[PDB]
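As structure tokens, one chain now follows by itself in the form deposited in one PDB entry.
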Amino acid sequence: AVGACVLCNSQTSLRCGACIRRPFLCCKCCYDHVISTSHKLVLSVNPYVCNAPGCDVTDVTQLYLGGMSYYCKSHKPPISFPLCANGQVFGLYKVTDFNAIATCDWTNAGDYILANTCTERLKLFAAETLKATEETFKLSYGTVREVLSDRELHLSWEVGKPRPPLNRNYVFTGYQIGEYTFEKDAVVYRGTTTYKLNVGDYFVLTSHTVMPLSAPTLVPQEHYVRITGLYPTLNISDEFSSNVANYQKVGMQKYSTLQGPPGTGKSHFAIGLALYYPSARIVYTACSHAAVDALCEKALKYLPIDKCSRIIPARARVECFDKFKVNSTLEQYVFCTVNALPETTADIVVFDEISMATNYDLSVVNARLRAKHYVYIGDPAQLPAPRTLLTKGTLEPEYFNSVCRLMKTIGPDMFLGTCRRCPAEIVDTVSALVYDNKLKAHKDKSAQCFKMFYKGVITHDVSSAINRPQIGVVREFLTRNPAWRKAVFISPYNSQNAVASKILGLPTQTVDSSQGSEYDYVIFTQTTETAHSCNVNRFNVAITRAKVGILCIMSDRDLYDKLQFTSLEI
């Protein structure tokens, strides 16, 4: 029960029993915390409480030290001194920001802003407090009535508690018969495992214990004068020649940031780093299984298949890359999600899709992976990890995580400025929208990029929006543009996606789940004109999925006018 103060590192024996993480606080800092918040319980070898029989006084400001025990004003002996005096709480070895992180409920965007602009140690405490606050709430949200078929169900809920939204962010566990997701009387049930399940089975949200954090989100930066710990090859392929200047900067710094807009070659950069440093052992990590899978696919073409291994938790979350040797931690090239990372060492660590990472994830990576060099690849102009507790305000990219903050304040170390995937109409649009006209297009205009302003009629299934007339507009477009039936339908709402799947028969994806993918033809309906559907990062992701053509049914005049597409009438 002896440690370092979370604000001043000054050693102390006092903890705050009211904070959910019970951090160590120094005599001065613990004082400033109890007099400015409702947190009044102080812990030590023994709890600072009145030891008189039947007394419930726990406020440290109402407690004194008499003998070797603690008492209140009504039980203290004549010879006693106050625990709280001289700007200090009594302990061994005898701020405004810390109070806010410790007492907020993480429902306002200002809470996440403070968690990214504070000192480095407060970032660790905030990430701990946030994840702990997120987990407790899970134990509280609100049974199959009848099985109709092999993919839909009728559900009945528990009495007295609200219903959690039915999407992919909320994964239920049925009863360890596997993890399930639901989507919206009829509801679609999708269990990762095909276990049998009759009427009466109940499902509960899967909770994962929050472990305390110790490693920082970012290691201390170190700049070198020569390539350290690595041996660069001289005969690099001409496919990776343009990255040699930035490849050398990787070996001369502890960490490096790379902002890669869509289609600029992020995975091409990451895989070629292994060819430029052929003797290095590399762990490729990311938050999602799809991001690590994309890095596996690029590796299969360029890296020896016998030196690659994909780490899969027996948790069998989803089907992952099955073309590398499974669960071989000691291989040269290791592909693994952050949550499943083993405790090992590496020459370089590549963290992909950095905008989807939380400050918790940055800490787990540093705690499990000791490496000579870390490279963070991503794009703060794309989508972040969902903060389910955040309901008031929008989280700006500078407050996504420590890495995204640096990319937006001082800029990224390296930048990929040429998009090779999208037609010029899409590139010019997003370049002016979120990239300061610094993103150039390798392709010409395709003349297959169209936009249409059509508000339609907005209906809602609970909280997910639907715009059937916008789908009807798409229907009429398909009958007149037959080559587009191979397109992918994208929208910001799962429900609009479910309706479009039945009416149009196209493959469907949400904008958030389409990040990292690319398709020849994309059809996008904005559905609504909300802050969710008008988010510039979401929109940037949505329209940069197309390789050849895109059709945008717009609800927002601003974003409609900013689209440099040909307008179609109907």
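Only the largest set of C-alpha atoms that superpose within 1.5 Å between the two forms is called the rigid core. When you see a residue number, it is the position in the sequence shown, counting from 1.
There is another form of the same protein, the form deposited in another entry; it is not shown, and what comes next is about it.
Core superposition between the shown form and the other one leaves every listed residue (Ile466, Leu124, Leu218, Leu83) with a C-alpha shift below 2 angstroms except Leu83.
Core-superposed comparison between the shown form and the other one: the C-alpha position of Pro507 differs by less than 2 Å. After superposing the rigid core, the C-alpha of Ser279 moves by less than 2 Å between the shown form and the other one. Core-superposed comparison between the shown form and the other one: the CA of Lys28 exceeds or equals a 2 Å shift.
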